[PDB]
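Shown here is one chain on its own, the form deposited in one PDB entry, set out as structure tokens.
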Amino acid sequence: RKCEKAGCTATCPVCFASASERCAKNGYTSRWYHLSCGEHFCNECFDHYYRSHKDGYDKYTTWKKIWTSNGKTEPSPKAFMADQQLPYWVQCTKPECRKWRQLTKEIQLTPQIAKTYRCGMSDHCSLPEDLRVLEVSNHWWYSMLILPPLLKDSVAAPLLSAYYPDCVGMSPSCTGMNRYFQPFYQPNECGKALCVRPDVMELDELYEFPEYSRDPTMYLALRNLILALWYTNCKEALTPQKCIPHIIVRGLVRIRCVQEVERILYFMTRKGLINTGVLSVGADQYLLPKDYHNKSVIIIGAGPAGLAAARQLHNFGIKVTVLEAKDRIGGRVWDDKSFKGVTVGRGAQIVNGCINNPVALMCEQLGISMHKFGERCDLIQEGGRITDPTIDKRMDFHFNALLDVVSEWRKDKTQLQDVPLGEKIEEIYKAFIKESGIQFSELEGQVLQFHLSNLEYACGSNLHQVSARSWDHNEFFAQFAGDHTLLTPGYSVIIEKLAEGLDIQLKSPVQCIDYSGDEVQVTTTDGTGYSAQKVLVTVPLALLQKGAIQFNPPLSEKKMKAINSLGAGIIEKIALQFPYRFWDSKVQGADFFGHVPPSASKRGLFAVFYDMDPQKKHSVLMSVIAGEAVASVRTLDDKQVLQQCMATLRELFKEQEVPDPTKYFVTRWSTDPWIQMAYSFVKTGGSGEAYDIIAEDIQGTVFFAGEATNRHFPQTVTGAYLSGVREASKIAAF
């Protein structure tokens, strides 16, 4: 009449299985077996499966063979009981009852049953709640559960077929998603951005839920399921009521699961893992409980970063106001929709690695399609000659060889010993010609300058200003896998959508941020005052270098050093519309073509041309000004820049006619006063650590976001976006 287990408050054990002809029911038995505080089975029923001469040995062995060919844990009899015989419990759906009930032995719980259940499926709802239900929410209850719960038919299961279900918190006795959603690592896999381990908790999870470091199974099953639900339907807010029905496990443990799913769900949304992207919501639809709502924030700048954080905080239930200096939202996302049936970005338009990219998520949510680039990119000389495939392969080989040795040279150098990448390449190159008396033609040298300029484009600067040590610092961290895409409708759709329904003040350049008093005083250049409890700055790096905002108290010297160790990198775009697709014969449907430079100084002058209609019907070309060439273009007017582009094209297509363009634009980001750059890079002397230091909040009061604050993913719209999500999460925590 007492439990085997030490310190069980089972003052009256009953047998849940009643499978043996001799069940003790609620009587005396040689030994009561304990599965939980409220769950026990009798020695006779124990024997009914455990011993070979009884009727339940057939069952026990079939299950046991499966649990081994599909599992990694011990197939103990207590495990068979918890997986196969323990009754289910389901909570009444009637708003005013909400009581938990035991279903009878033979009923198999399904989501449909959980969705709709009501007591008695007399006033059935008025019968008292089995007292064992309250018992489940005592901290010690879980400590006295023998085995950890394993979920049945988890939505996560199809995505986890490479793991043992029990290691990911699922039952071994079990068994059309967007190709870019790959939220779980596979076992023995290369690093990729925004992937979680399904079988290990990550640092913020261990921090938030310390109680699961002893045993992470319950958390992992619930976290994995939640993610898989989010990714199966990313167009709706994912809520506890949509989760509960998909939690299928026997016994009172299921009651502990649905109580935890809430806490986990709110953690996941705060951190921006689910219920994010372009999901709009409100008012009585806020994603985080009343508990986070009472607070206010001012966000400065309405580009991807500021809009990300604004969207998140607003969805959370928090009061947000955004102050934008310009007469438009978007920042360095600025789309031209005036070309015939083609959208051309003056700023951002490529998505670099789509797998697990939030931009690919948002394209889902919006039903937008992206054009994946082809690999081909011929290197056309002036005037006409496509570069020999062998010559192209030789110079590519050497160029990357030079990068290898730069990488070998840097391993023992400190910041105080940094040299510019440009210098360290030329040297190694000159050292190499000397060493081995090979001679390159004028052409092979020009092909080298193409690659060199292509690095200049990536960095947004001449190679003589960029750190050899730290130019590719971010590749320390896992990077976005998969396709590079043309975002054909433009990033402006995502922007417009994130901004929809938020409080945005345009033409309100901020000048003063005072964080001395009880709350933050923000003052525009015309003297308009705003105040809030928190402030988030997302202005571009170059504006922080020019000190365009007065900070009171001043930013630390440690911050200024980081701010100044990064470059405000720059590129300019030219776009040209033509009467017809003059390049088709020669280019043959390739997405872009290269322009081999005639000389080192001219290398950043339209190095690559992008065909802007992936449907290959309209005729729009885009090209880029990088490196030295940005300097040489600052005094020239738009028409003069055009002329050089046209002269370049007529050299590239020397043996044919090229039409006159019928419309164009030339970008002047460099002299946009609230922007003054294209993207950040590490100047010589710097470290990637500078991104983290800029990212550090001040006094849990002043926060920073933007591409120049994201160490993992600098430069990009994506990087900017994720920095806004990071800060919204930190702001909501407080």
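We number the residues from 1 along the sequence you see. Throughout, rigid core stands for the largest set of C-alpha atoms superposing within 1.5 Å between the two forms.
Another form, the form deposited in another entry, is not on view; read the next lines as being about it.
- Shift analysis on the rigid core between the shown form and the other one singles out 49 from 49, 691, 679, 703 (C-alpha displacement of 2 Å or more).
- After superposing the rigid core, the C-alpha of residue 96 moves by 2 Å or more between the shown form and the other one.
- Fitting the two forms on the rigid core leaves the C-alpha of residue 293 displaced by at least 2 angstroms between the shown form and the other one.
- Annotation for residue 431: C-alpha shift under 2 angstroms between the shown form and the other one, rigid core superposed.
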